[PDB]
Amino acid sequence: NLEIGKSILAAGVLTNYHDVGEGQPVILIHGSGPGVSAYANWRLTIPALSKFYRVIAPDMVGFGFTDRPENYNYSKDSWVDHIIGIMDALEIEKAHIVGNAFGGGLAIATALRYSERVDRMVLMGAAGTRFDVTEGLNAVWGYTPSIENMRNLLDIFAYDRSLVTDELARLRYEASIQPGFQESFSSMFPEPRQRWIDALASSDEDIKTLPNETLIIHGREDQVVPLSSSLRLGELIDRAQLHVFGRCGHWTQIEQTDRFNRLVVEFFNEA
């Protein structure tokens, strides 16, 4: 299983992670869909970035193959603590961070609580500001296992559905039913789900204080997180750029891979 990488104790949690490349460190933070893992989200991103940077992609506690501590208390602050624990564990003093949706919200929160540890940020279809729960997100977080449910979820993420094959739906369905996966997932964002969007968000006041050069990326047709959310982040973050891909859903790193990789690498190269 290529989704399983190396293991390291971080913030007291046995964490699964990938580490490829050398030089300036870049932390990639995955999303929060069912069966999600750092590898699943960034497999097409790591190879490109690792040619110029040291890429670290860990499975956040409660997701992927990282340990799911009994009676663990999941929260924005706990996840931020996990990220910092991972950086501490790897002696990563300061790094750029790329966050996908859920991970984007965590990226913002980490930059606010540990400004000295974060350099540049890339927020992709990111959480971080309050927006009304969409039908797509409620369907994603409300997922129950079945190949048809997974095919439909994948369709929600994609603009070009031809990319959603029976095989992909089957593989992700299988990933979603691994021991303990659906159990922790279903209890992670229970109804009413608007509560979690609000909890993962940072205040406009706090976001305005961010000094980090930031690159906001979004897919015009994103059905999970509305484009309006990134437009708002773009009005709040001072040193920011916004790049919106037309004919692209939530999966920007997957549907516009080459354009995404080029933009991100050049963005970091500026430093």
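In case it trips you up, residue 1 is the first one in the sequence shown, and so on.
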* Asked: Of 169 to 177 and 182 to 190, which one has the bigger average CA B-factor?
  -> 182 to 190
* Do the C-alpha atoms of 62 to 70 or of 232 to 240 have the higher average B factor in the entry? -> 62 to 70
* Of the choices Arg161, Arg120, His82, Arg117, which one's C-alpha carries the largest B-factor in the record? -> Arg161
* In terms of CA temperature factor as recorded, identify the highest of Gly99, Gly142, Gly128, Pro145. => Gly128
* Where does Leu106 sit by CA temperature factor within its chain: lowest, middle or highest third? -> lowest
* **CA B-factor placement of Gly35, once the chain's modelled residues are sorted into thirds** => lowest
* What third of its chain's C-alpha B-factors does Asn212 belong to: lowest, middle or highest? -> highest
* Structure fact -> In terms of its chain's C-alpha B-factors, the third that includes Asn149 is the lowest
* Asked: Ranked by Cα temperature factor within the chain, is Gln256 in the lowest third, the middle third or the highest third?
  -> middle
